[PDB]
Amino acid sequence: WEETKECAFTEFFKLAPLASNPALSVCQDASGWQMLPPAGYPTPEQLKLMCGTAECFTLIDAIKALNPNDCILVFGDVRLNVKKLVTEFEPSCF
């Protein structure tokens, strides 16, 4: 995955549909992991919770549908590759 090349700020705007998707709130509240604003990659504790929450799978699929780029999204000190996150999520659960 891309670990150096940074996303243009416009990449953030791709995430807009998530705010009107109920799965976002359910997943974030259940796990303590935040996508908006982005906290980064889920911690193992957060991932455990996400992997047992149907809505987190729904959320991850909804992010995939936005076609996130393979680049580092920079939000203050938070740095993550959203495409990496969503592609690796399902296998990370087991």
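Residues carry their position along the shown sequence, with the first being 1.
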| item | value |
| --- | --- |
| Third of chain Cα B-factors occupied by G52 | highest |
| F9 - Cα temperature factor, lowest/middle/highest third of chain | highest |
| Relative C-alpha B-factor of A39, binned into the chain's lowest, middle or highest third | highest |
| Within-chain third of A19 by Cα B-factor, per the entry | lowest |
| Ranked against its chain, the third holding the CA B-factor of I60 | lowest |
